[PDB]
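These notes concern the structure reproduced below.
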Amino acid sequence: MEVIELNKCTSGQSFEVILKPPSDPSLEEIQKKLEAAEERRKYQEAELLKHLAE
Amino acid sequence: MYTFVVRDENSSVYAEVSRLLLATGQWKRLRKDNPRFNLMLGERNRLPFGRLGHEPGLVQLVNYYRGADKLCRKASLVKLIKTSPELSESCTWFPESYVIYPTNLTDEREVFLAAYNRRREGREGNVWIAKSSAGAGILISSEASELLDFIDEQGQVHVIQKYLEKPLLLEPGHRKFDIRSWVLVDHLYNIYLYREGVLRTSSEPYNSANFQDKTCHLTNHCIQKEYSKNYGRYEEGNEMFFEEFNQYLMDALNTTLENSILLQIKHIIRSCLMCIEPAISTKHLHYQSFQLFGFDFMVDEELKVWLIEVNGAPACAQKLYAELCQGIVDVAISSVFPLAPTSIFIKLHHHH
Amino acid sequence: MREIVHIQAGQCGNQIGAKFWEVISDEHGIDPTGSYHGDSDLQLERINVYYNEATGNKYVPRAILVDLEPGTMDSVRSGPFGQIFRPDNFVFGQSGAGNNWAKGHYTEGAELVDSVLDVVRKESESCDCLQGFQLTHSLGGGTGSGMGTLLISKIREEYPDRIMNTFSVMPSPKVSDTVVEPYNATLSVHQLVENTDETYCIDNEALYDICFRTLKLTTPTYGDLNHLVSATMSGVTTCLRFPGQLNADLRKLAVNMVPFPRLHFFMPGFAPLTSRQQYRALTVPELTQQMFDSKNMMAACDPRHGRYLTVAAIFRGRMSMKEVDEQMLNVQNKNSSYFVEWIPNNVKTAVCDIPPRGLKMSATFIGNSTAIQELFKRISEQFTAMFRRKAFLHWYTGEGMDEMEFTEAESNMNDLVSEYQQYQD
Amino acid sequence: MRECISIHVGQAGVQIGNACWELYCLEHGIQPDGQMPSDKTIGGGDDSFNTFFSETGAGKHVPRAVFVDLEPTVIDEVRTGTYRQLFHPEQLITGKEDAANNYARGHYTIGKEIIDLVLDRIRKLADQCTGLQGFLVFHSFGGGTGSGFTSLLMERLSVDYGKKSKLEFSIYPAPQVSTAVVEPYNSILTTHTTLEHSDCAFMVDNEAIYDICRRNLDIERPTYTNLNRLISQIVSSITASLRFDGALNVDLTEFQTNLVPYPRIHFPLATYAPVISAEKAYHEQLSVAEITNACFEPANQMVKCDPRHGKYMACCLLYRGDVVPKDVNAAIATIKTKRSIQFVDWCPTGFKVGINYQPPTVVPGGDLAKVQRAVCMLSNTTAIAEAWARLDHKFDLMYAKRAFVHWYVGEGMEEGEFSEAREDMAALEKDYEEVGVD
Ligand SMILES: Nc1nc2c(ncn2[C@@H]2O[C@H](COP(=O)(O)OP(=O)(O)OP(=O)(O)O)[C@@H](O)[C@H]2O)c(=O)[nH]1
Ligand SMILES: Nc1ncnc2c1ncn2[C@@H]1O[C@H](COP(=O)(O)OP(=O)(O)CP(=O)(O)O)[C@@H](O)[C@H]1O
Ligand SMILES: Nc1nc2c(ncn2[C@@H]2O[C@H](COP(=O)(O)OP(=O)(O)O)[C@@H](O)[C@H]2O)c(=O)[nH]1
Ligand SMILES: [Ca+2]
Ligand SMILES: [Ca+2]
Ligand SMILES: [Ca+2]
Ligand SMILES: [Mg+2]
Ligand SMILES: [Mg+2]
Ligand SMILES: [Mg+2]
């Protein structure tokens, strides 16, 4: 039951009590993901318009 | 209309409970995956406790205490008794036990041999038994070499504990036996002891000079009915009930089952369950638990009671299924979900 | 500002749409001249969703009245609130559609559709952020059914990313005008399966039975049936017309109610339904029991024959939201066998403080149930009884249609029935 | 002094953000107009509170905050609310139509068109900082914006601010206050794509806050206002160390050092006590032992779960009010002899304690009563994995039928991203089990 790293100031204090010792995607790759999903939306809408054109 | 699900089809006890619940016309059984239930008769292994108590407007209750395995595992029980101050290592009602991991895997090998060598040098009885939870796999021997070598041939954790060489032998027959007590703990953590126990007796004479033939040393109902030749000779199905056993203790020993044995049993049950109460209590939990336990005791020739093990999913004697299962419904299920005596239980009072 | 454009087509569509605007105009405090005279700011909070604001603080419904004959719309213009509609939003022809889907969809309707789309485009161009469209129409006639589904197809082509919503009156032999209604309904249902996001199925037989058995109306009229539709349309749109975060806009409602794109046909319900004991206060348990009772639903389908994929409930009036949650949870937990278990928490509840006119409180029910297949089964059976003998087909082939188009509409609806069946098991 | 920028995304983030900054102002004595009489350095300074507030020459203290929502109704509340004067228009970003509870709509469709604008507004705040630490990001799991746009924003922040820490305050979905059926989908999708970009995430389960409001505050049907004021008290207790003089958790880096030894397991459980109703006649003030003991009761945890059946990796005790170290150690000793507290064998069995003498501030007219002392315990338990299990199970039930999947595919997302995200969660649950169970 040891108390360590006691630091005190006008507004409070802090300390540590020990009970027992122990035993990314680049900017380029993010743009491609966004543009790839945008392309799949454009393809699906094109097929819808093509279906409506028939 | 209350709702419940069944997730253990192999449970004889809760099959009857489920049968009784439906007989009231006030309980409805749902598919085993329907989360809108009031009561779960859960599976034995890997019960998803984390998914309970998150259904708005449903008080949910399960028939298992999360964490009670500490009591119902051979190795776990040994560790709990040796490490819990409430039970202490000097606990006088639990046989000297040691956890032994096979060498192909802490471990108490050296500690066991030290106590073993002490008995061998002091001319004392030095017969130990080795067992585990992954058994139907038991070996009884007086040589430590055979006990440790038998565990290494296996691959699961084992326990070596002292073998009660001076058991209480029924007469006529000169035969061993064990006592099974059923204990129900409700959501409020009341400890109810079923008034009816069963002595699972051996139909063979106890022989202390031959631990090779294990039919007269192991009182398991399956071993007596498979390898014993006197099964059902003295009592039906090698099952003597408390009425007969009490009358015996009066005729032969001039004492009663309550005084000589039942006080020690009640004390042991309380000690074990009160010990783990802080770790498994569901008092302030988002769901509630109850559970049925099967305690197994051994009685020696001095009328001292010893705890053998605790079973978390026990079965019941055929003659007692109706009474006990109805009791489970009254005190464990209807106490939380009431329906629109002379209790069959003995309340073991205690401090929470 | 999430504007919705309203369209009403044909006799049924215009008569039901007229009453709809009559009801919600009263709720929002808009009088027959478009002037606001309410006493609560909640009325104007979301007023721009269905009304445009003109000069002088006038509120003009964002509604487009379409028909192939002038008769029904002349009545609307001469009706109670007839003067509130934008005069330029009346688009009509003179020929009529003769209860013929082909005339509304391929011949007469085609000649008039472009002028309707000019009005739609005009209303959309003034919307800050258009949510989508809602259409009222019947499926058994020619204009609302044939030209209605034609409008939907062309609206989707011009606004592919907007939500398309319909209130569709399904025909019934018990409340029937002509024998060809199963033909017109089967042809429309296929169009709806493809080009709408949400369709409220309103069965005229359910409306009839409610008027006769529950409301104790000896001889129901179309007016009586439309009173039910009005009250129901006001209930299901309460989420859109007042402050709230549940089913707040059309797309969010669709995302919570439609798990599969073709299964977007809902059974609506309303409570109370009291015969004239009409002053009795109705408790929350009573509102909930009735709202889920089949006798209070308007698709003429028994919910206990299928399973609910999703449910949306709306309670109106000053009441205990605590007691609302309790009774709703009681219905789900006491009948969870009728709710699919593979869509967790698929029953959503919403409260609104403003009750309907002349009611302390009410409840509107919106269910996506597989039981709706019974409705399409009935239609399919009536279709095949005539089509197997090619009866009355000449009315359609005379308008350029071929028998193959009927066979395909038949298969498409039987596929829809099969699709519901697989999710009911 | 080093600055912290707060980012609020979606309805949940914005409304919680609004409640927090209200509390921050009452705590630091800042008026609704931004003036702070106690600040004797006009137009500048490097005080602790300056980590969250900048200053104008006129003496206005302006939050270092950005509010983002794909729909204007919630952020319009801030523009005309009590603290409309604190923020300037550049800090409030709103679109015209929301993500419709659709992760793919917030992440791909709408997120792609607004991400560069949001980054620009953040850059303007970053350019005012002499030494920016990182970001605090508030959002829900269930909303389409909170889930979908947050994950995109976190990806870009790791690119544009590689060396900066990022903490989360995430709202875990609860059916009692939700009308969206697809929220398990959104939750798992956003956790998968945010996991590698978040250094420390504080999850708050609306179910927990809801029950605390009904049980302790005697609110029969809590509203978002009730929930958010309680949540902002807990948030305030967590960020106090960055805004006040002290030595524990003085910068975002210390949060990870003291709470997250393993980077993937970065979800500390928050527990708060006491929560007392203001409508009460008058409450007996609880002691250090009683409020500390309360930190090990499931009823006051931000996520309902059983820490008795997990293993601790770290534990901070954050006290506010009349508390001296002597009483903290006394109550801790007593709790060890009664409670089930098992640490992982590769971590010390200890507690980091911080004490701020200023008792919790309560918003006038709010639901919480003034208390002489309070504590917030931050513990990294494997028990919080119960929450992932619950969520992943609901995911499995719907995805097995592909229910609602078409809404996501229709916005440009591939179906494979469902299973990809689910498999990441399955690995996450396995990590918790390897650390916690024997
Ligand atoms: N605690 C709390 N939770 C909220 C609040 N607002 C919304 N939520 C929760 O957030 C989830 C819904 O997500 P939202 O944040 O509202 O949606 P969004 O981020 O605006 O994204 P959109 O789909 O575009 O609306 C639900 O689980 C709500 O319970 C709030 O103010 N406080
Ligand atoms: N230390 C010991 N001394 C004497 N006998 C013992 C013993 N340990 C076990 N036994 C005998 O073994 C039998 C059962 O052993 P154990 O209970 O460990 O196996 P098990 O768990 O498969 C049967 P159950 O679980 O049904 O009680 C008892 O009847 C008892 O007679
Ligand atoms: N509920 C209701 N149904 C109607 C009304 N008028 C017609 N119908 C039904 O609608 C179908 C006839 O379609 P109708 O609208 O008259 O044809 P249209 O003018 O060519 O679109 C039949 O099934 C009628 O029963 C009405 O006012 N109310
Ligand atoms: Ca012509
Ligand atoms: Ca200053
Ligand atoms: Ca990073
Ligand atoms: Mg056993
Ligand atoms: Mg007509
Ligand atoms: Mg939103």
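Residues are referred to by chain and number: the chain letter is A, B, ... according to the order shown in the structure tokens, the number counts from 1 in that chain, and ligands are numbered separately from 1 in the order shown.
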At most 10 Å is the cut-off: for each residue in chain A with any atom that close to an atom of chain C, write down the nearest atom pair and the distance in Å rounded to one decimal, counting only C-alpha atoms, chain first then increasing number, as CSV.
residue,atom,partner,partner_atom,distance
A:45,CA,C:160,CA,7.7
A:48,CA,C:157,CA,8.3
A:49,CA,C:157,CA,6.5
A:50,CA,C:157,CA,9.9
A:51,CA,C:157,CA,9.8
A:52,CA,C:157,CA,6.8
A:53,CA,C:157,CA,8.8
Given 7 Å and only C-alpha atoms and all ligand atoms, residues near ligand 3 as JSON, numbers by chain: {"C": [9, 10, 11, 12, 13, 15, 16, 67, 97, 98, 99, 137, 138, 139, 140, 141, 142, 143, 144, 145, 169, 170, 171, 172, 175, 176, 177, 181, 204, 222, 223, 225, 226]}
Within-6 Å residues of ligand 2, basis only C-alpha atoms and all ligand atoms, as a PyMOL selection string: chain B and resi 136+161-164+177-178+217-220+296+308-309+311
Distance-based interface of chain C with chain D, 10 Å, counting only C-alpha atoms, as an NGL selection string: :C and (1-2 or 128-131 or 245-261 or 309-310 or 312 or 320-323 or 325 or 341-350 or 423)
For the residues in that selection, give me N, CA and C atoms as a tab-separated table (two decimals), in the first residue's frame.
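Written output follows (out_38.tsv):
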chain	number	residue	atom	x	y	z
C	1	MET	N	-36.31	22.84	-43.62
C	1	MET	CA	-37.21	22.89	-44.77
C	1	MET	C	-37.05	21.63	-45.62
C	2	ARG	N	-37.93	20.66	-45.41
C	2	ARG	CA	-37.91	19.38	-46.13
C	2	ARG	C	-39.28	19.20	-46.79
C	128	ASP	N	-36.81	24.30	-51.00
C	128	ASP	CA	-35.45	24.45	-50.48
C	128	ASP	C	-34.71	23.12	-50.48
C	129	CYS	N	-35.38	22.04	-50.08
C	129	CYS	CA	-34.77	20.72	-50.08
C	129	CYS	C	-35.90	19.69	-50.11
C	130	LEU	N	-36.31	19.31	-51.32
C	130	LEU	CA	-37.43	18.40	-51.51
C	130	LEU	C	-37.14	17.03	-50.92
C	131	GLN	N	-37.99	16.59	-49.98
C	131	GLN	CA	-37.91	15.22	-49.49
C	131	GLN	C	-38.27	14.22	-50.59
C	245	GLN	N	-38.22	13.23	-33.76
C	245	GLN	CA	-36.99	12.65	-34.28
C	245	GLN	C	-37.16	11.22	-34.77
C	246	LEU	N	-38.37	10.67	-34.70
C	246	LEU	CA	-38.66	9.30	-35.09
C	246	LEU	C	-39.49	9.31	-36.37
C	247	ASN	N	-38.99	8.62	-37.40
C	247	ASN	CA	-39.58	8.67	-38.74
C	247	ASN	C	-39.79	10.13	-39.16
C	248	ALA	N	-38.78	10.96	-38.90
C	248	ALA	CA	-38.94	12.40	-39.05
C	248	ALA	C	-39.11	12.81	-40.51
C	249	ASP	N	-38.39	12.15	-41.41
C	249	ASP	CA	-38.48	12.42	-42.84
C	249	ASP	C	-38.76	11.13	-43.58
C	250	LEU	N	-39.09	11.26	-44.86
C	250	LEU	CA	-39.52	10.10	-45.64
C	250	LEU	C	-38.41	9.06	-45.77
C	251	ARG	N	-37.17	9.50	-45.99
C	251	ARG	CA	-36.09	8.54	-46.18
C	251	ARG	C	-35.77	7.79	-44.89
C	252	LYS	N	-35.78	8.49	-43.75
C	252	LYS	CA	-35.54	7.82	-42.48
C	252	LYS	C	-36.65	6.82	-42.16
C	253	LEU	N	-37.90	7.17	-42.48
C	253	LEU	CA	-38.99	6.22	-42.29
C	253	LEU	C	-38.78	4.97	-43.14
C	254	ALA	N	-38.38	5.15	-44.40
C	254	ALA	CA	-38.16	4.01	-45.28
C	254	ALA	C	-37.03	3.13	-44.77
C	255	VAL	N	-35.96	3.75	-44.26
C	255	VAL	CA	-34.81	2.99	-43.78
C	255	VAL	C	-35.18	2.14	-42.58
C	256	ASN	N	-36.13	2.59	-41.77
C	256	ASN	CA	-36.52	1.85	-40.58
C	256	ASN	C	-37.63	0.84	-40.83
C	257	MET	N	-38.36	0.98	-41.94
C	257	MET	CA	-39.52	0.14	-42.22
C	257	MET	C	-39.33	-0.86	-43.35
C	258	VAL	N	-38.37	-0.64	-44.24
C	258	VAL	CA	-38.24	-1.49	-45.43
C	258	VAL	C	-36.93	-2.27	-45.37
C	259	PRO	N	-36.95	-3.52	-44.91
C	259	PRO	CA	-35.71	-4.31	-44.89
C	259	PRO	C	-35.33	-4.89	-46.25
C	260	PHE	N	-36.29	-5.01	-47.17
C	260	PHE	CA	-36.03	-5.53	-48.51
C	260	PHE	C	-36.78	-4.65	-49.50
C	261	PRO	N	-36.13	-4.26	-50.59
C	261	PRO	CA	-36.66	-3.14	-51.40
C	261	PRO	C	-38.05	-3.39	-51.97
C	309	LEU	N	-42.56	-7.57	-39.99
C	309	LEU	CA	-41.16	-7.25	-40.21
C	309	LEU	C	-40.76	-6.02	-39.40
C	310	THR	N	-41.58	-4.97	-39.44
C	310	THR	CA	-41.36	-3.75	-38.69
C	310	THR	C	-42.71	-3.11	-38.38
C	312	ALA	N	-44.44	0.73	-36.77
C	312	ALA	CA	-44.29	2.10	-36.31
C	312	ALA	C	-45.63	2.57	-35.75
C	320	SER	N	-49.53	9.71	-20.78
C	320	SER	CA	-48.34	9.25	-20.07
C	320	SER	C	-47.43	8.51	-21.05
C	321	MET	N	-46.35	9.17	-21.48
C	321	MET	CA	-45.37	8.48	-22.31
C	321	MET	C	-44.80	7.26	-21.61
C	322	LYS	N	-44.71	7.31	-20.28
C	322	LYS	CA	-44.32	6.13	-19.52
C	322	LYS	C	-45.33	5.00	-19.72
C	323	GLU	N	-46.62	5.32	-19.63
C	323	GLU	CA	-47.65	4.31	-19.82
C	323	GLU	C	-47.73	3.86	-21.27
C	325	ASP	N	-44.99	3.47	-23.36
C	325	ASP	CA	-43.94	2.47	-23.46
C	325	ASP	C	-44.35	1.16	-22.79
C	341	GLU	N	-37.91	-12.57	-35.22
C	341	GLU	CA	-36.87	-12.46	-34.21
C	341	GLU	C	-35.52	-12.04	-34.77
C	342	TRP	N	-35.38	-11.97	-36.09
C	342	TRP	CA	-34.13	-11.58	-36.72
C	342	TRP	C	-34.09	-10.11	-37.10
C	343	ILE	N	-35.00	-9.30	-36.57
C	343	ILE	CA	-34.89	-7.85	-36.64
C	343	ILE	C	-35.09	-7.30	-35.23
C	344	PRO	N	-34.03	-7.14	-34.45
C	344	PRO	CA	-34.19	-6.73	-33.05
C	344	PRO	C	-34.86	-5.37	-32.94
C	345	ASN	N	-35.70	-5.23	-31.91
C	345	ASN	CA	-36.35	-3.97	-31.57
C	345	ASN	C	-37.03	-3.35	-32.79
C	346	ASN	N	-37.79	-4.17	-33.51
C	346	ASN	CA	-38.43	-3.76	-34.76
C	346	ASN	C	-39.77	-3.06	-34.53
C	347	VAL	N	-40.11	-2.71	-33.30
C	347	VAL	CA	-41.33	-1.99	-32.97
C	347	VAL	C	-40.93	-0.64	-32.41
C	348	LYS	N	-41.20	0.43	-33.16
C	348	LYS	CA	-40.84	1.78	-32.78
C	348	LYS	C	-42.09	2.59	-32.45
C	349	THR	N	-41.99	3.44	-31.43
C	349	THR	CA	-43.11	4.23	-30.95
C	349	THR	C	-42.76	5.71	-30.96
C	350	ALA	N	-43.74	6.54	-31.32
C	350	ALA	CA	-43.58	7.98	-31.39
C	350	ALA	C	-44.78	8.65	-30.75
C	423	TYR	N	-40.18	-15.13	-46.11
C	423	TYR	CA	-39.86	-14.40	-44.89
C	423	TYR	C	-40.86	-14.65	-43.77
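When the distance limit is 7 Å and only C-alpha atoms are what count, the residues near stretch 130-133 of chain B, minus those fewer than 4 positions from it on the same chain, are residues 73, 74, 137, 138, 139, 140, 147, 157, 158, 159, 160 and 161 of chain B.
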Write the residues of the selection above to a file with C-alpha atoms, as a PDB file, in the first residue's frame.
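Saved the output as out_13.pdb:
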ATOM      1  CA  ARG B  73     -14.839 -27.533 -10.618  1.00  0.00           C
ATOM      2  CA  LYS B  74     -12.465 -30.031  -9.012  1.00  0.00           C
ATOM      3  CA  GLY B 137     -11.161 -41.861 -14.991  1.00  0.00           C
ATOM      4  CA  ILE B 138     -10.167 -42.302 -11.341  1.00  0.00           C
ATOM      5  CA  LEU B 139      -7.134 -44.023  -9.811  1.00  0.00           C
ATOM      6  CA  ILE B 140      -6.721 -45.023  -6.157  1.00  0.00           C
ATOM      7  CA  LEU B 147      -0.626 -41.277  -8.939  1.00  0.00           C
ATOM      8  CA  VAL B 157      -5.730 -30.659 -14.874  1.00  0.00           C
ATOM      9  CA  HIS B 158      -6.140 -33.167 -12.046  1.00  0.00           C
ATOM     10  CA  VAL B 159      -6.465 -33.105  -8.261  1.00  0.00           C
ATOM     11  CA  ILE B 160      -4.872 -35.448  -5.717  1.00  0.00           C
ATOM     12  CA  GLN B 161      -6.641 -35.544  -2.355  1.00  0.00           C
TER      13      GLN B 161
END
DSSP-assigned helix (DSSP H, G or I) members of stretch 27-149 of chain D, reported as a PyMOL selection string: chain D and resi 27-28+48-51+72-80+89-91+103-109+111-126+144-149
Output of the above residues as a short mmCIF file (atom, residue, chain, number, x, y, z; two decimals), in the first residue's frame, restricted to C-alpha atoms:
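Saved the output as part-v9.cif:
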data_model
loop_
_atom_site.label_atom_id
_atom_site.label_comp_id
_atom_site.auth_asym_id
_atom_site.auth_seq_id
_atom_site.Cartn_x
_atom_site.Cartn_y
_atom_site.Cartn_z
CA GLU D 27 -17.15 25.92 -14.22
CA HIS D 28 -14.69 28.56 -15.47
CA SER D 48 -5.05 25.74 -18.23
CA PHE D 49 -8.54 26.80 -19.32
CA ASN D 50 -6.95 28.24 -22.48
CA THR D 51 -6.62 24.64 -23.68
CA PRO D 72 -29.50 22.25 -39.86
CA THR D 73 -32.22 21.87 -37.22
CA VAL D 74 -30.03 20.73 -34.31
CA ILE D 75 -27.21 23.19 -34.98
CA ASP D 76 -29.74 26.00 -35.44
CA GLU D 77 -30.49 25.51 -31.73
CA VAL D 78 -26.91 26.55 -30.96
CA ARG D 79 -27.10 29.57 -33.27
CA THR D 80 -30.04 31.01 -31.30
CA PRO D 89 -20.58 31.12 -37.70
CA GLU D 90 -17.39 29.49 -39.03
CA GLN D 91 -17.62 26.99 -36.14
CA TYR D 103 -23.73 4.83 -42.38
CA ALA D 104 -22.96 4.62 -46.10
CA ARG D 105 -24.85 7.85 -46.76
CA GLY D 106 -22.91 9.75 -44.10
CA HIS D 107 -19.53 8.23 -44.95
CA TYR D 108 -19.59 8.05 -48.76
CA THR D 109 -22.47 9.88 -50.45
CA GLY D 111 -19.36 12.76 -46.49
CA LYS D 112 -17.42 13.01 -49.74
CA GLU D 113 -19.03 16.35 -50.59
CA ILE D 114 -18.54 18.05 -47.20
CA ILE D 115 -15.32 16.55 -45.78
CA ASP D 116 -13.00 19.14 -47.34
CA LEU D 117 -15.12 21.98 -45.92
CA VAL D 118 -15.05 20.50 -42.40
CA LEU D 119 -11.28 20.04 -42.57
CA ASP D 120 -10.93 23.68 -43.64
CA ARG D 121 -12.88 24.92 -40.61
CA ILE D 122 -10.79 22.73 -38.29
CA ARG D 123 -7.61 24.02 -39.94
CA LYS D 124 -8.70 27.55 -39.02
CA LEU D 125 -8.90 26.52 -35.36
CA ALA D 126 -5.62 24.59 -35.54
CA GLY D 144 -25.92 8.02 -40.09
CA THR D 145 -23.81 11.13 -39.57
CA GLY D 146 -22.41 10.22 -36.15
CA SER D 147 -21.28 6.84 -37.48
CA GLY D 148 -20.57 7.33 -41.18
CA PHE D 149 -19.15 10.83 -41.28
#
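Taking only C-alpha atoms and all ligand atoms into account, ligand 6 has within 7 Å the residues residues 158, 162, 196, 197 and 198 of chain D.
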8 Å contacts from chain B to chain D using only C-alpha atoms, as a PyMOL selection string: chain B and resi 50-51+56+67+278-279+284-286
Exercise: stretch 246-256 of chain D partners within 10 Å, only C-alpha atoms, chain neighbours under 3 positions left out, as a PyMOL selection string: (chain A and resi 5-16) or (chain D and resi 1-4+48+51+133-136+164-167+199-201+238-243+259-263+266+316+318+352-356)
Exercise answer, chain C residues close to chain B, 9 Å and only C-alpha atoms, as a ChimeraX atom specification: /C:325-326,329-330,332-334,336-337,341,344
